[PDB]
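The chain below stands alone, shown as structure tokens; this is the form deposited in one PDB entry.
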């Protein structure tokens, strides 16, 4: 057990600690950033470094009794692209057929010039392949309504229109900025004969997650836990909530009065909390986070909260730590391929280390590091690597709780009735499959100002329903 290396690792682990004080600071600061993000900004939305706090123009939570003919839904995530058909049967039930295809590496590389048409043509092709397989009879004649779930920040102008503010994650297609994604997708559908497919709704994967749970949640289960947040903890991270119309100052005052006159009280907000504190006024920052933001990410200066939490970057944090330990002549990389190989270590790699056992000489960690980049390790080295992984994930889980606590506090959602509890719809590989991530989230919520009495009233529920049901719900409401 090399003391020099052990002491260096323990020192790094301590930098990833998030104390109760920090959570209270970040929680309260988050609320401040929400109140400012809800003011009318007069500057380039694509360059605004504040909390976007984007109105989604969704004002009605599904009742669970919605029913209609089969709807279509397309979901472009951070890693995969999904097309599906959703049949809303009513009474919280639905029939779904979906096809999940991974996003070609061509779109995440810049060596070859990529354009919006390259992307939406491909999406149109996958849509045709889906309809041919699951709806071979009525592919060309039927009047399909499609809900488009676009997992990126969009300057929403209505339920069925909005321009891309800025790519995130691994996308850097330049010409898509400032263009209405619904039109770009509809044009490529028309250009392959699917003009009968009408994209009538545009939603974020957060908005879809919230609407999906309001429908699928049983009448009894929902009377207990009312869904108040729809959030994502996968390749990226984000969340939404219902905001009072009066507090949404970005909205046209006349439009606000119109909605109020129609009986509307709230509108869902796409917080884009991955961009929480982009200027790093209070977020923890290590030497490794700076490299990820400034060297290894596609969106330098933006989405810094995400780059400390989401699964796209957690693995890259460990890589930069090993490189730092090697630069200090403390860790031998052997014949590995970590150098000049960003993102070779993925969050999936870390999941095999999070709960590996010494009883097996940390063999799961061994195979995971060899499979990822041929990094040979000793037992004492794996013991220390596990400490780093558990430090990275714990910080991600603790920071993940801050936006949830802030929203619940600002909206006074946890104390509204006797025996009142709230549900937070969670989707994503990390929250769903990373061992202990949800457990540690609840730990941070217990340390946040809502306290353990608040954590016990919050249900972080895995929403496997999906944004497709939510997108289908928006399509069912819209006109063809």
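We call the rigid core whatever largest set of C-alpha positions still superposes within 1.5 Å between the two forms. Positions refer to the first chain, counted from 1.
Original post:
Does residue 453, which is modelled here, drop out in at least a third of the other compared PDB entries?
Top reply: Counting only entries that model residues on both sides, residue 453 is resolved in every one of them.
Subject >> Gap at residue 63 across at least one third of the other PDB entries >> reply: Residue 63: modelled in every other compared entry.
**OP:** Give the stretch, out of 305 to 313 and 381 to 389, with the larger mean C-alpha temperature factor in the deposited entry.
**Re:** Per the PDB record, 381 to 389.
**OP:** Tell me which of 470 to 478 and 1 to 9 has the higher mean C-alpha B-factor in the deposited entry.
**Re:** Going by the record's values, the stretch with the higher mean is 1 to 9.
Original post:
Of the options 155, 252, 75, 293, which has the highest CA B factor as deposited?
Top reply: Highest CA B-factor of the listed options: 252.
**OP:** By the entry's C-alpha temperature factors, tell me which of 136, 166, 395, 282 sits highest.
**Re:** Result of the comparison over 136, 166, 395, 282: 136.
Original post:
Among the chain's modelled residues, which third holds the C-alpha B-factor of residue 299?
Top reply: Residue 299: CA B-factor falls in the lowest third of its chain.
Subject >> Chain thirds of CA B-factor: placement of residue 66 >> reply: It falls in the top third of the chain.
Original post:
In terms of the chain's CA B-factor thirds, is residue 462 lowest, middle or highest?
Top reply: Highest third.
Original post:
Going by the entry, which third of its chain does the Cα temperature factor of residue 91 land in?
Top reply: Residue 91: CA B-factor falls in the highest third of its chain.
Subject >> CA B-factor placement of residue 28, once the chain's modelled residues are sorted into thirds >> reply: It belongs to the middle third of the chain when residues are ordered by C-alpha B-factor.
From this point on, the text means the form deposited in another entry, which you will not see here.
**OP:** Have a look at 91, 140, 285, 298 and give me the residue whose C-alpha moves 2 Å or more between the shown form and the other one, with the fit done on the rigid core.
**Re:** So the residue whose C-alpha moves 2 Å or more is 140.
Original post:
Would you say residue 457 moves between the shown form and the other one, meaning its CA shifts by 2 Å or more once the core is fitted?
Top reply: After core superposition, the C-alpha of residue 457 moves less than 2 Å between the shown form and the other one.
Subject >> Core-aligned C-alpha movement of residue 416 between the shown form and the other one, 2 Å or more >> reply: Yes: residue 416 shifts by at least 2 Å between the shown form and the other one.
Original post:
Given that the CA-CA distance for residue 156 and residue 465 shifts by 3 Å or more in the other entry, does it become closer or farther?
Top reply: The answer is closer, because the C-alphas of residue 156 and residue 465 approach each other in the other entry by 3 Å or more.
**OP:** Can you tell whether residue 467 sits closer to or farther from residue 35 in the other entry than it does here, judged by CA atoms, where the change is 3 Å or more?
**Re:** Residues separate in the other entry, at least 3 Å farther apart.
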